[PDB]
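What follows is a single chain, given as structure tokens, in the form deposited without the partner chain.
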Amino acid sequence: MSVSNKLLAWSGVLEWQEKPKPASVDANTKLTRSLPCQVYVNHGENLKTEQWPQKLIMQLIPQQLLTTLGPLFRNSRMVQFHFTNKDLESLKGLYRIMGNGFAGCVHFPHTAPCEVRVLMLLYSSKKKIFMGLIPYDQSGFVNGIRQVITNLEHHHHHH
């Protein structure tokens, strides 16, 4: 009833890494930060969110290289992220990053037989909200993201 634009599907915490590479010589692999969110799905997509872990792993990767995965987004489920503003400072910092053309690739922890599926988080300033599509095939999407991550690490413009 009424709710037809976006359906509330999940509410959980996301943990984001600024800098992802577990280098082995780097045993303490960077700082991960958590932020609570409410996740809606954009219509047509029937999935069960109780099957989702309460933390999802997201890495900020450049949206510029994500363009290469463009046609793969045509087979995905839509989501929208609205954050539970506990820490506006954390949001503000994240706004800078995701608004600068960083995308949050969300990987789901293992619970489903393979690796679930994978999700992309994009900030839309126009809607002032976060949007994203989740591709079913983790293999192709993660493969593309692996390229982005390995390139990003090779580049390393992080501080």
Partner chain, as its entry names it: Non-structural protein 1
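Numbering follows the first chain given and starts at 1.
Note that the form solved in complex with the partner chain isn't included here; everything after this is about it.
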TL;DR on 32 to 40, 121 to 129, 45 to 53, 86 to 94: the one with heavy atoms within 4.5 Å of the partner chain in the deposited complex is 121 to 129
Subject >> Residue contact check: residue 111 to the partner chain in the deposited complex, 4.5 Å heavy atom >> reply: no
Considering non-hydrogen atoms and a 4.5 Å limit, does the partner chain approach residue 134 in the deposited complex? no
I'd like to check something about residue 9: if you look in the deposited complex, is any of its heavy atoms closer than or equal to 4.5 Å to a heavy atom of the partner chain? no
Using a 4.5 angstroms cut-off on non-hydrogen atoms, would residue 66 count as touching the partner chain in the deposited complex? yes
When the partner chain is considered in the deposited complex, the residues of 95 to 111 having a heavy atom within 4.5 Å of it are 99, 100, 101, 102, 105, 107
